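Below is one structure, written out as structure tokens; the observations come after it.
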Amino acid sequence: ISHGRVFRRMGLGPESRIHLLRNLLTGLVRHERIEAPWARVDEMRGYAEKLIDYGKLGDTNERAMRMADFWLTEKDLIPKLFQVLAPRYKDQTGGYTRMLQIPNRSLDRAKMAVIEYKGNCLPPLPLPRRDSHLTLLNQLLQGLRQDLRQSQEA
Amino acid sequence: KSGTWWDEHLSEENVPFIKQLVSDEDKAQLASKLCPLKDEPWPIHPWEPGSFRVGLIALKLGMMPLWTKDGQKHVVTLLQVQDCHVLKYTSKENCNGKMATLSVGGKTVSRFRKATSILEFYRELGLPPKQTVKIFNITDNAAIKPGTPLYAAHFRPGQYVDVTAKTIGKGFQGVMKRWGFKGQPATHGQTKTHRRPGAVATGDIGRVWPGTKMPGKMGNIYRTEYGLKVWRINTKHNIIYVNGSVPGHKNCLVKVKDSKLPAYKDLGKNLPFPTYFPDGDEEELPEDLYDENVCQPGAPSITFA
Amino acid sequence: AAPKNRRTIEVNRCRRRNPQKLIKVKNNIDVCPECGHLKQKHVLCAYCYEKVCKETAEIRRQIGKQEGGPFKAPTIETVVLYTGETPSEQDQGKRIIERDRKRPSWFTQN
Amino acid sequence: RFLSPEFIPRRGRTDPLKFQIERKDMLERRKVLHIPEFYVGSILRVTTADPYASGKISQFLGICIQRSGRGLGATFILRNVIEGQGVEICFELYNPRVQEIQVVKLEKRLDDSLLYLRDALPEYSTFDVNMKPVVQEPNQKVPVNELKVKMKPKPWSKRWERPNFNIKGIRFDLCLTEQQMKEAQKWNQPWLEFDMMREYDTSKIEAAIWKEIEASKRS
Amino acid sequence: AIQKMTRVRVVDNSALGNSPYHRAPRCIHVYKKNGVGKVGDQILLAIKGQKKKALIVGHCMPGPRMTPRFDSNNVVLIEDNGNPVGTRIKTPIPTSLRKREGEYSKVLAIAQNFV
RNA sequence: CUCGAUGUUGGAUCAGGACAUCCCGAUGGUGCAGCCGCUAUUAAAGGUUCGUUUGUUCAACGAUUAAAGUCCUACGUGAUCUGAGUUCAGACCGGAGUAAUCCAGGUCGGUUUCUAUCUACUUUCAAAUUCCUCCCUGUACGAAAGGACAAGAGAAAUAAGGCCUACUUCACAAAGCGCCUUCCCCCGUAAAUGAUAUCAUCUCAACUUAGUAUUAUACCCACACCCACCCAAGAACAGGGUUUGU
RNA sequence: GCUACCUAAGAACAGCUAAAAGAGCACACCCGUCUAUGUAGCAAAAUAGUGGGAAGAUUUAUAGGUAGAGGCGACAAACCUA
Ligand SMILES: [K+]
Ligand SMILES: [K+]
Ligand SMILES: [K+]
Ligand SMILES: [K+]
Ligand SMILES: [K+]
Ligand SMILES: [K+]
Ligand SMILES: [K+]
Ligand SMILES: [Mg+2]
Ligand SMILES: [Mg+2]
Ligand SMILES: [Mg+2]
Ligand SMILES: [Mg+2]
Ligand SMILES: [Mg+2]
Ligand SMILES: [Mg+2]
Ligand SMILES: [Mg+2]
Ligand SMILES: [Mg+2]
Ligand SMILES: [Mg+2]
Ligand SMILES: [Mg+2]
Ligand SMILES: [Mg+2]
Ligand SMILES: [Mg+2]
Ligand SMILES: [Mg+2]
Ligand SMILES: [Mg+2]
Ligand SMILES: [Mg+2]
Ligand SMILES: [Mg+2]
Ligand SMILES: [Mg+2]
Ligand SMILES: [Mg+2]
Ligand SMILES: [Mg+2]
Ligand SMILES: [Mg+2]
Ligand SMILES: [Mg+2]
Ligand SMILES: [Mg+2]
Ligand SMILES: [Mg+2]
Ligand SMILES: [Mg+2]
Ligand SMILES: [Mg+2]
Ligand SMILES: [Mg+2]
Ligand SMILES: [Mg+2]
Ligand SMILES: [Mg+2]
Ligand SMILES: [Mg+2]
Ligand SMILES: [Mg+2]
Ligand SMILES: [Mg+2]
Ligand SMILES: [Mg+2]
Ligand SMILES: [Mg+2]
Ligand SMILES: [Mg+2]
Ligand SMILES: [Mg+2]
Ligand SMILES: [Mg+2]
Ligand SMILES: [Mg+2]
Ligand SMILES: [Mg+2]
Ligand SMILES: [Mg+2]
Ligand SMILES: [Mg+2]
Ligand SMILES: [Mg+2]
Ligand SMILES: [Mg+2]
Ligand SMILES: [Mg+2]
Ligand SMILES: [Mg+2]
Ligand SMILES: [Mg+2]
Ligand SMILES: [Mg+2]
Ligand SMILES: [Zn+2]
């Protein structure tokens, strides 16, 4: 009866789950774009969002430094978190990462996803774009929208 | 041939516009039904013995404790009425049963996730679609025009009601949890047999009798709690305080009806009939209606003297 | 337990060829507008994603050459430049990665 | 600004309207019976109406060892030793039978729960039932009593040395050997405190509650 | 709270309940249909090799709110007619026992402290 | 019938059924005053305790209970479990035998396999049983002792179905030790009126009453958005939500 | 070349107590008490835990000896290539 369970069961246990996400999170910070199974990326995505929040607390905060020390197994990424990633999202209150589904892995046909930090220097992902406003359906709705605004003013 | 959804082909600009457009229409439709008595209401007959009125559909918010004037503690379940309207009325001849039926819906949901036949049913009625529809058996004199809103003041404190809802589904469960079997001991030699059913039948029959308790799906079925007393009525938020617990999880839609137990028969003399009309009420009801034995929050502390 | 009797092919065909065991035809397949290859509606295009990954791999190799070893992550932002391009005003003070090719059309400079 | 622990709802899928209406009933009760600020470890005297007691009024003095529950059902446990017998009563904050809640001594302890006082010496649970209240100076920090109790010989009611309890007010050196301390560390979970997704941030929740509390006082 | 094989502590000043013995007083039967004893329920004790009825006046198991909870399982020795064996009860007992003054009038008459 | 195998005690688990009824219901008789009993008719919906010794079925005993029913089901059920007993190979004691060895004599120890092909089954009913207290009442009854029934009130236990406000194991929730709800009838006889047989007669005479329910009612009830995401829904599938599709 | 026993010549046995030890606690090592799992298994006798011994009638490497009307046996009718 998994009613209200929000944490997945992965790895060899609870501690192994954290270490698996930590390695993915450490890889995500260094490369700013990684690919992994969809479930693990979705599980890791929540931690990536909160890691930036600790970066906004500043390197002078002992609690933030301790949290960054644990989750970044490579200590060269700790200066990057507080001096590159955190200043990057100074004007953003959320949505630090985007997660998209890529075709299944060739070996085990596993559901794969790609997660990246927004604003990276890497070439952009082929983001899905909505239909253009000049399509037949959108033109009809635009005409309907104009009619309502004109009637409202009158 | 490929499937589609409402906002598949919408542009970036249109999606906020469409959401605002349909949302405003739903609020306008709900606000248009606020005066049922000024839109040619059906005749209102006085209550008679043996007459059955309609119930409501309420959402289970949660549970809250209350104390009575004798010091006893009673825990009650909060049932909030959310967008409850009468949908369809079927005559006694056409009901194929012994009584006329009145269809009631609640908890307005999105039009984009409903069937075309359902959407056009609500288009004629002029209301946004309801998540759950329940059928209430009523007498002829209790008929209510479709589209009439229903409020939690339909019930009054001191009344006993029945609540029906789908119970919490526990999935596939063994006999120990589903049927409360004793199971087998944990030690003294037991070999891979601790929660197993054991014997399922006798050797002579050579078959398992139909209706034998076996592991399977547990819960997620409709159950009814009878004789739930109504302690408090909140007219502002349309909340019914029913005694004890009701089947189902929180935020689920329940079916509230007057109790069918013989001890509570013909107790609707002082209850509104066929329902409660706030627009036609001479004096506006107070925010909260309390039972005679309920300690109100503003009341002084209990003193035995 | 062991089977009491051999199951016939007529019985086996009904189980094996049941519609529950048959492959379901997918209806969420569409042509990618950028390249013309097929893709699913909720899945990124395989051809385009490989194109981005090929360019990403080249950029990451150039990053390692400048870093020249492990634990060499810079404390400044990174900008990728191609042939015939010069750093802009907003790109001053950032690590510069140079690629010996013309900038791809789909890789818009920011 | 002290917000009572019951006003802050636990994490869950309950509709916020249920909490808002439940808070309204709590506020209307607080203007009839004054509920003073107290923490776990404070000495409280509670006067309640008992239909069978002499004078129909009962008074119990003890140390608040646990505060738990939310909404109208919030409860606190008072522990005291009377005639050599340990007695605990779990009072309800919003029960109308409660006549008065008096804070004899407002203080905090090193732990959020003092359930281990059951396994401690009787001197740490014995308080005078007629002790005069201690005056608390206004606009002063609530005193923190860093007293560490001495435990009775094992076995205890619970394995208080385990890391999950996180107890700091017990003299483990006097009662436990180094080997037992090392054995208890086998259940330590270093990753638990660094699990970011398990954090419950109620700063925005508490901000909205205070607006509701301030609005009620005006009317 | 108190069931079969449960050791109890006698809180009255009776000689039987306070005389030293190599076996602690133990509950052998609870006069309830469910077999679980609470405050105010009579049980049978095998104390000093003898069978004596007792009245439960406190237990460690949590009960309803606003009711005391004791750190020991306390009983008072009573006769078959309900008259207590002892003469003074120094240990405090719950005030909820006063709803049974029709049958426990003499038991409450020797109780010095109510909690 | 089965030895090209139909696996034995007792226990655990789950119980199906019979009524020749232990308890609860309705009646007749009494050497039935009352309170308790005895006996017979009717009734199988519901229930039928926890322990010490013994491998035990039993039995004895302790404490209870409205009662601790009698039997069938391959002495129900080991492809669910147990292996104490029993029943291999070791050994001991008594006894039989020249010995090997034997003894419904005792005694200690002693491998319990099977991945389910087929049949059957996997949410039947959503009406509840019982005890105790108060009251009636120290009344009916009776020389006294003793001591009801019916009606009414209240509080519990068990069973069934749910739930998490608090307590508790716990902590986005699942749970009980916690809380909430739980509704009809039972046919044996006892009486009128009145024929065969002009009284009488409760009638496999016509008929009337206690005396009966089409078991009442309740529950369920509309349907391609559906690629995808979420879920108090779930093994998969299905189902709910997305007006919560960067 | 397994095992039973024997022959020639080798090897191993931490720490603590007692310091005398077919002595105690306890690794390596030897054995296989009890329970669970396993039962076409990892294994034609194992795994995990718990246990007996562990300076001795100990354990063990190498070569040799005793052969079926037999060997060998601190007798279990043991063991002598499942
Ligand atoms: K045979
Ligand atoms: K029966
Ligand atoms: K025995
Ligand atoms: K068959
Ligand atoms: K006759
Ligand atoms: K092996
Ligand atoms: K040889
Ligand atoms: Mg889940
Ligand atoms: Mg796994
Ligand atoms: Mg479920
Ligand atoms: Mg068990
Ligand atoms: Mg065994
Ligand atoms: Mg086995
Ligand atoms: Mg097992
Ligand atoms: Mg057969
Ligand atoms: Mg304990
Ligand atoms: Mg004796
Ligand atoms: Mg055969
Ligand atoms: Mg049996
Ligand atoms: Mg049965
Ligand atoms: Mg009979
Ligand atoms: Mg019969
Ligand atoms: Mg009955
Ligand atoms: Mg008679
Ligand atoms: Mg048998
Ligand atoms: Mg069988
Ligand atoms: Mg058997
Ligand atoms: Mg045996
Ligand atoms: Mg002999
Ligand atoms: Mg013989
Ligand atoms: Mg043995
Ligand atoms: Mg034997
Ligand atoms: Mg076997
Ligand atoms: Mg078996
Ligand atoms: Mg099986
Ligand atoms: Mg099925
Ligand atoms: Mg009576
Ligand atoms: Mg239950
Ligand atoms: Mg006549
Ligand atoms: Mg005549
Ligand atoms: Mg006559
Ligand atoms: Mg006559
Ligand atoms: Mg679909
Ligand atoms: Mg030699
Ligand atoms: Mg040594
Ligand atoms: Mg030795
Ligand atoms: Mg070896
Ligand atoms: Mg040996
Ligand atoms: Mg030794
Ligand atoms: Mg030879
Ligand atoms: Mg030997
Ligand atoms: Mg021999
Ligand atoms: Mg032999
Ligand atoms: Zn493409």
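We're sticking with Swiss-Prot numbering for chain C, so the shown stretch reads 79-188, in order.
Using N, Cα and C of the backbone, Cβ positions are placed for all residues, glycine too.
What Swiss-Prot records for C:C110, C:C113, C:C123, C:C126 is Zn(2+) binding site. Residues annotated as compositional bias 'Basic and acidic residues' in Swiss-Prot: C:169-181. Residues annotated as region 'Disordered' in Swiss-Prot: C:164-188.
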Let's check the environment of C:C113 (Zn(2+) binding site): how many other CB atoms sit within 10 Å of its CB? 14
Which has the fewest other Cβ atoms within 10 Å: C:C110, C:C123, C:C126, the binding-site residues listed? C:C110
Secondary structure content of the region 'Disordered' (C:164-188), with strand meaning DSSP E or B: 0 helix, 4 strand, 21 coil
List of the binding-site residues C:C113, C:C123, C:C126 facing chain A, defined by a Cβ pair under 8 Å: C:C123, C:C126
Candidates C:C110, C:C113, C:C123, C:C126 (binding-site residues) with CB under 6 Å from ligand 34, in sequence order, are none
Listed binding-site residues are C:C110, C:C123, C:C126; which sit with C-beta under 6 angstroms of ligand 10? none
